[PDB]
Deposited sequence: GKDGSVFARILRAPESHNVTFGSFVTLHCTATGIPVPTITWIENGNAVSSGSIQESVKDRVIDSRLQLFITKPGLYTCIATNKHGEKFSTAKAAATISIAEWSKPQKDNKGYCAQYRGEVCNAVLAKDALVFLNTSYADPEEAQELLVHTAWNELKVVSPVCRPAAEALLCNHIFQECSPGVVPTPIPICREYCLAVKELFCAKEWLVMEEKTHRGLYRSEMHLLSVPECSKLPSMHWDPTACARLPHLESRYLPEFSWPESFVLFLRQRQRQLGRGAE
């Protein structure tokens, strides 16, 4: 009846830039709830998938490991007005050319990156294509709410900065974004958005800082420029996929 942890988090030793999944299952009546703690506070960046299988709760915390940490599982169910709690912890610790060129095979940048181009994948991460995919989402999480004028420029800028094209040659090396590209987005298309964000290692690796970028006039061949942003007259409020699917199901029930 009381909360009890069956499968507990297993400590893991992983390499920098590895995606790891921690597991924790608990049982009890009522079915307990699982909370994941990271070094005393809530997890800073991750995803939790939960499945209530009758009386057992399955909780999976997925992480992108760049620093070591102690992750703790907290299972709790309430009895009358008295909570019951079980705990189990795991320790994630880090072990130990510059990259390779490949076609982008992800989803977040499919509309911005050309399919005939080769981008640079940083082998400092054990899972490069997945790590840099997450960096693009991380930046969008930092920019937060995005105005219609800002989204195409921000999508292009972040995609071109994290999935940079490869220079001509046999040694893999990325084409940076030009300083003017960066300041165009920062000071024009996304001026308000950047301001709020100016009010973290993931931030440093994903959000571009314009001062560290070359100027397009020093050598226009040696950096990437503001792409042509195709303007679309899409509806101001475009109904979410959730509502569109809901409508279609109601039509299918005649």
Query raised in the report: Could you list, start to end, the deposited-sequence stretches with no C-alpha atoms?
Result: 1-5, 102-108, 212-219, 275-279
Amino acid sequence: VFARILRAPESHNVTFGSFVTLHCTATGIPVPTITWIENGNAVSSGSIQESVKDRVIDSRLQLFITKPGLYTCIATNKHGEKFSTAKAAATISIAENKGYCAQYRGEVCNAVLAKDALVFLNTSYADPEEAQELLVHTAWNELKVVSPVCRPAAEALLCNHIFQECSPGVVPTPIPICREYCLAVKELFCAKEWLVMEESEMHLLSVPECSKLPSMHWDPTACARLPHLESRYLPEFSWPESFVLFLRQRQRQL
From here on, numbers count along this sequence of modelled residues.
Requested in this report: Using the B-factors recorded in the PDB entry, average over the C-alpha atoms of 2-10 and of 244-252, then report which stretch comes out higher.
Outcome: 2-10
**Report entry** 79-87 versus 155-163 - greater average Cα B-factor per the deposited record
**Finding:** 79-87
Query raised in the report: Quick one: which of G46, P30, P220, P208 has the biggest Cα B-factor according to the entry?
Result: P30
Query raised in the report: Ranked by Cα temperature factor within the chain, is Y233 in the lowest third, the middle third or the highest third?
Result: middle
Query raised in the report: Among the chain's modelled residues, which third holds the C-alpha B-factor of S59?
Result: middle
Requested in this report: Would you please rank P176 by its C-alpha temperature factor against the other modelled residues of its chain and give the third it falls in: lowest, middle or highest?
Outcome: lowest
Query raised in the report: Where does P128 sit by CA temperature factor within its chain: lowest, middle or highest third?
Result: middle
Report task. Among all modelled residues of this chain, ranked by Cα B factor, put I34 in the bottom, middle or top third, i.e. lowest, middle or highest. Result -> lowest
